[PDB]
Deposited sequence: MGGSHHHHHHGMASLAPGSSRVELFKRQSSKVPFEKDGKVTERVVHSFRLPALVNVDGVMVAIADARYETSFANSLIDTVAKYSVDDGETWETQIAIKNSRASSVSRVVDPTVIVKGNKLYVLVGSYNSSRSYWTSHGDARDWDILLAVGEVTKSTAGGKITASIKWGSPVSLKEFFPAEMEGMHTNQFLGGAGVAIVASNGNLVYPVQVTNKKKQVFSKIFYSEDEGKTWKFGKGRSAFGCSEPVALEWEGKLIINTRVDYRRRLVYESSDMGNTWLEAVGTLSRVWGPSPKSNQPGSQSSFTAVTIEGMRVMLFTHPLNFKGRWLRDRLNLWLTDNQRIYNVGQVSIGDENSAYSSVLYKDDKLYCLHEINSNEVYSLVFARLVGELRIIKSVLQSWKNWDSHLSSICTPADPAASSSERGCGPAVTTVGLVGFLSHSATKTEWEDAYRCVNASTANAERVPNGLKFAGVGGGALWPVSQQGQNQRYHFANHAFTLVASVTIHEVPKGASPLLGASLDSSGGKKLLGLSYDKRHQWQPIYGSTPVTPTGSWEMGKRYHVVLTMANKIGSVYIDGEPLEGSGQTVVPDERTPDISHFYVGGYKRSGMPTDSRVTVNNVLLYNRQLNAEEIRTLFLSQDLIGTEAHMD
């Protein structure tokens, strides 16, 4: 939890009471565990919805949906049960409440089970299941000089009539909301990303939406891959972005521009960025994923635990900030090594809050955190992004002013700032590690065996912000070679392995003063010529499985070659710059590199021309 931030235990395990209703009688009843946080703003009234697991934290046990609400930004709260279960058996339950705010209404979607003690995805049929929508109406009043609110919860209505018996190549079984907070789309539609099972017990995600304020519901025709559960969605630039849980695998993210009729994996931006554990081989989690506007910039906030402990412990809740280009780790929201899986982030009246789980010995509370420190960090980072984009965009490039330097898709930039061991990203997301480097204007001068910089891709580890490069990228740099090498030496490239010896696309230079562009594992043909001490502009592009190399804005002869053989997606380890940065590779590149730009797409001709012409105007040195 950041400096300046604080929290309280809001839903207190084995302590907080809720009004338990049974057979016409209501009693204040202590709850064992509270899980499944959803924290929202209903026109000024903060509402926290969760599971109240009365007797045990076990999923298949007695559970009602509880709500706490506050008209004073969380200093005090009132408590009620928003939805009660059927009371059919000792384990009846309403589960995984998923919330949408619209007007003064809360729409809460829950699965309902009567008596099964088995996890829902293990059921062979729907005998124990129903899917219910309950609507809470929030009313505001000003009694006794001060503001008051109340919420009237309607009786739940079953939406089972909207679930078809068949979907493309399958027979349907059950479905649930994705948990947490869902959305109202820019067209007014209520939009629940849902997790669905078929009769083969496979799980997949769909879009379940209503065009009439929840009276009737439809499914989008498309779906995620099998294995994608607890989907969470937001709307971004006219499309739904659906971020999914995949147990034992990296999270998949899809985009849909047609209410779920067609799903496209977001390979160029967010898909496969987030891993559920250090080795991405453990259960995943529910995630808060929202689009907000902070100081005028639309961005997305995303949370997920790091899960160093493994299994479902899910320690180390982390918050991430992205503008769909750069991906910044705000940091850890939970405290120390506590188990802290599910979460919900709310941005309200320029203050940031998080309602999230803490779990000790399988007893769960929900803490309510005031994210003061994190918002300060976010605002600082957003200012940097805005300032560097403005700087670049405002440059008058050589003709009159020619076309502007492009910042669309610009993800990282290594320039003047560097410490003894790192080359700093101007965008503050991913630095490069360095060896044998001396600082020069807008870059670094390298020498010696082991020299160079490494800008990690898969080497980022659990969370791989540059995963997009496996699909498309442009890497740009200005370079100068200081010594003629003994053989062939590296200058810039994308490596598939940790050593640099297995390349996707790279540029080397040799003892005969020629360039050696390297296309995958293809035989290298030296070409062109360079002069010692002369500055050159280098561009490497890859898209559509094809790599190209440009020197001074022009392609090398014979460039535009296949660098991804076969159907497998590359798994780039890192970009190397100015050497391999590997003391085990015997090369010694004596070179200076300045202003390394990384884009998440293949730049066009004009954009490459502009960068070449403007190469002496883009550095961060004077700023």
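What are the C-alpha gaps when you align the coordinates back onto the deposited sequence? Those parts of the chain that were deposited but carry no coordinates are 1-14, 414-422, 647-648.
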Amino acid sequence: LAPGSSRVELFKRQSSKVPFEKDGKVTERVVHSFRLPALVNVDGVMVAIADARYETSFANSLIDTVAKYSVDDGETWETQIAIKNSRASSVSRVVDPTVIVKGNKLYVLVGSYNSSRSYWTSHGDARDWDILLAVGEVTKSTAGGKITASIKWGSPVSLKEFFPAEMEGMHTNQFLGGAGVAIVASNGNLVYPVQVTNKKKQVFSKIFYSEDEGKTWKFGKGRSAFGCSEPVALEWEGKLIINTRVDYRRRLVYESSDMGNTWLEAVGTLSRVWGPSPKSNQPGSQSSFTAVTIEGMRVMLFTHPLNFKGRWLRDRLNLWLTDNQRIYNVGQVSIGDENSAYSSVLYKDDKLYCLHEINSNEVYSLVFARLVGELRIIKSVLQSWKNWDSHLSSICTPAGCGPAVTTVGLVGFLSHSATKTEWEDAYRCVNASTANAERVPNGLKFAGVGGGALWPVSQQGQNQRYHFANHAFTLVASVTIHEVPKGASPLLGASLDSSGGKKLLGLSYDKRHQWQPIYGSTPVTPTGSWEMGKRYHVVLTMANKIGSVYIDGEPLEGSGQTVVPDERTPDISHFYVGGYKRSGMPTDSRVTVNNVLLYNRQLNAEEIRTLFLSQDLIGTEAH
From here on, numbers count along this sequence of modelled residues.
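Compare the mean C-alpha B-factor of 373-381 with that of 507-515 as given in the PDB entry, and name the stretch with the higher value. Comparing 373-381 with 507-515, the higher average CA B-factor belongs to 507-515.
If you average the CA temperature factors over each stretch, which comes out higher, 483-491 or 196-204? According to the entry, 483-491 carries the higher average C-alpha B-factor.
Out of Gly268, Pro283, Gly214, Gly461, which one has a C-alpha B factor higher than all the others in the entry? Of the options given, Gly214 has the highest CA B-factor in the PDB entry.
Sort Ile242, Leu317, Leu190, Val71 by C-alpha B-factor from the entry and give me just the highest. By C-alpha B-factor in the record, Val71 ranks first.
Among modelled residues of the same chain, the CA temperature factor third for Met585: For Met585, the deposited C-alpha B-factor lands in the highest third.
Just say lowest, middle or highest third for the CA B-factor of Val181 relative to the other modelled residues in its chain. CA B-factor rank for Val181: lowest third.
If you rank every modelled residue in this chain by C-alpha B factor, which third holds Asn436: lowest, middle or highest? It belongs to the highest third of the chain when residues are ordered by C-alpha B-factor.
Sort the modelled residues of this chain by their C-alpha B factor and say whether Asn600 lands in the lowest, middle or highest third. For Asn600, whose C-alpha B-factor we compare with every modelled residue in the chain, the answer is the lowest third.
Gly579 - which third its CA temperature factor falls in, relative to the rest of the chain: According to the entry, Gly579 has a C-alpha B-factor in the chain's middle third.
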